Structure formats: C-alpha cells, structure tokens
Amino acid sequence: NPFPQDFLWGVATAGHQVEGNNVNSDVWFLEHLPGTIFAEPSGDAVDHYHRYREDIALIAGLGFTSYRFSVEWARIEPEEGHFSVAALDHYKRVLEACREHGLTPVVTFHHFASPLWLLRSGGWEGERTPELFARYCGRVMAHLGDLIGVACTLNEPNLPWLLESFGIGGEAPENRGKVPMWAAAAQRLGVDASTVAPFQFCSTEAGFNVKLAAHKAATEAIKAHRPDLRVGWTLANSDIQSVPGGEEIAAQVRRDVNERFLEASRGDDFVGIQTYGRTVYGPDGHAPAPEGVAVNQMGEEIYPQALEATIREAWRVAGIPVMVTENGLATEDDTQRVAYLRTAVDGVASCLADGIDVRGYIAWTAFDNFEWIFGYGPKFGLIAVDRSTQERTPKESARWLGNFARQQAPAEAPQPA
C-alpha cells in the first residue's frame, strides 16, 4: 500500500463559496457593483455558516478523514482593529465539530475574500497588509489554535498570474480605472482605482512581495502559538504544456506562475498543490487545446493526469512534502467525476510509490457551490445541494472517494498498550 496510515483524505470548501452572508467581504461588495463581472450574487450560498455540524457529520460518515475550510477574515476583523470574539467562537465550534467526528481540520486562513476595509489601504499591494494579516492570524490562533490540524496561510497567491496569461486580468495599476468594476469599486471606497487590488486579481510585483511577506509573517505568527503545527500556502499550479509556436510562452508561464512560487516555498513544512488539468500555449497564447476528452462542464479538457505532473514538479522545485489541497472536476455528470478521481488518486499513489512525500488528498469541492464569477452554474461538488431547501445529497463520487479513504485504514484487534 503506497498511502501511509496518516495520509489525509478530505474534501475542501472556501468560506465565501459555501457559508452564506459573507456581507463584509470584498467579493460580496464586488458582486453587487454596477459594472460587475460576477454573473450572480453569492447570497446564502449553501448556508454552511449555520449547517456545518450536519455537513461535518455527513462528510465524516462518508469515510473522509479530513476537512479543509477557510476562516473568514471579513468576519473575524469586521473593521480594522475590532476583532470579533463571537465570530472566532463560531469557528471554534466548527473545529470542535471536526474533532468530535474524527476529522483533521485543514484550515485556510485566507481564501481570496478579504474584509472590505482592506481594499482602502491598497488591498493585496498595501504595505500594512503583511502585518495586519499576521496580526489576524495570531488572533485566530490565540482563540482556537490548539484545535487546528494543518494550516494553509494563503490560497493560490499565483492564480492571477495564470489568469493574466489568458488573460482576464493584470491590467497595469495605472490602467485599472478603465475596467468598469474597478472604477466603481474605487469610487465607493473613496480611493483611486489604481489602488484597488483584491487578492485574486493582483499580479503585480508589489502583490508578489505583499503576498510573500504575508505568508512569511503569518507562518511566524502561527509558529509562535504552535511550533509543532505544519504550515504552508497553496498554489494554483497547472500542468503547463505547449504546441509549436507556444514553447517560449509556456516556459515564461511555467516560470512566473509555478516555479517562482515553488522556489518561494522552500522554507515551508509543506506546499499545497491545487491542479485540475493542463494548460496549453500556442503562438497566440492560451489554446483550449485539441479536443478529446472533455467536455468538462466549462468546455475545458478533462485531464486528471495533470495532478501527477504538478506533484512531481513541486517535489523537484521546492523539495518539501506536498499536500493536494484541491483537485476535482466541473461536470454535471458525476460518472465523469468518478472516473476522474480514480485517475487522480492513481496519480497520487504513483508519486508516493516513487518516494515523493505526499501528505494528503483533498477533493474540490464538498458541496456544489458559488464558483466565483460564474456563480452557481459550475458544479464541482461531490455532494449535491438543492439550494432552495438546502438539502444535501451525496453523489456517487463522494461515496467512492470516501470509501476509498476508509479502505486504506489498518484492521487490527485491540492490543495491550
């Protein structure tokens, strides 16, 4: 068996995507702006904020051994310097639920959404962000740090560098004013549009430095409470490929998005790898590539072979233990998700059988949810939710993966201790 007994089998969520009523967040604010690129508001999402106990019990019943979720800074520090012990107690009860159900909690301290007030100090390019984040992380540790299994500081700091290569984003700061969304944003924040920089859109050297310092200062804050607790960030590392004409563009992208962040990870306990497919570049940049085999729901290629390739890359470049903190598939046909997961798990086993220190596998996502700018259309969940009633119904993929996890545990009788 290539998986060790302590290997984590989980599903992941992000607070804004499942909790509902993240009304103090930047993303919420962006969802309701006149010029918005968000297709619909998050609203209640799946109401994980109130239903987490039953959600945890469901997940643990399916045989998962871990649960990854975010603590939301927008709730914890709702205005700069005014921490909410009430919200911190909410997340302590979440962690207590995990622990009562045997789940190791993988806590993401930040998952794109920020308190809206942060966007007035320059957001993820502001020089105070690294220390405010770190202060924030110390406060969460102060209140519930003993209950965390594993810590992820930041989710996908490199995402917008990859989106820029499409590229959706990455206007120059001096040009953010010309996209409606940013112009509006700045106006109501009472601030200049060149200074508007939520986490997931910022691909600027300022933003690189701010992200890295925030990671660094947060790790230290966290270690001050639990020196034993393993910490890393997570990366949006695709399997980068090319066709003829795209070799140099592919190389540039692999370098700026993947290797640069993995180089920056080399001090850490682990790195989180988040991978869905390959990303192919030709002479005109991004090519949704040649066709076969997705047909994902978004019309992207179904290529869970990517995971094994990014795990290998991460081991090579960073040389630290890897945890797969996201992996999954957007599809309305769950039989495709099952076949995808079989292959991705094979990818993991294959890396482990080669001596790569992989420490868990966490599927994106637990429940069909708010897929950022595309809203509720894209279905990534291993568990269905009828949002109108909030009823949860596990899909076969949840039973398959859950039961795979369960079937890796030893089976010995009790032994005098």
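The first residue of the shown sequence is 1; numbering continues from there.
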item	value
Per the entry, higher mean C-alpha B factor between 145 to 153 and 167 to 175	167 to 175
Higher-B stretch (mean Cα B-factor, as the entry records it), 326 to 334 or 121 to 129	121 to 129
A74, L262, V293, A224, ranked by C-alpha B-factor: the highest one	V293
Maximum C-alpha temperature factor, selected from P105, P304, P115, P160	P160
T365 CA temperature factor, ranked by third within the chain	lowest
Chain-relative CA temperature factor third for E80	middle
Ranked against its chain, the third holding the CA B-factor of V253	highest
Modelled-residue ranking by C-alpha temperature factor, third containing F199	middle
B-factor third for the C-alpha atom of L401 within its chain	middle
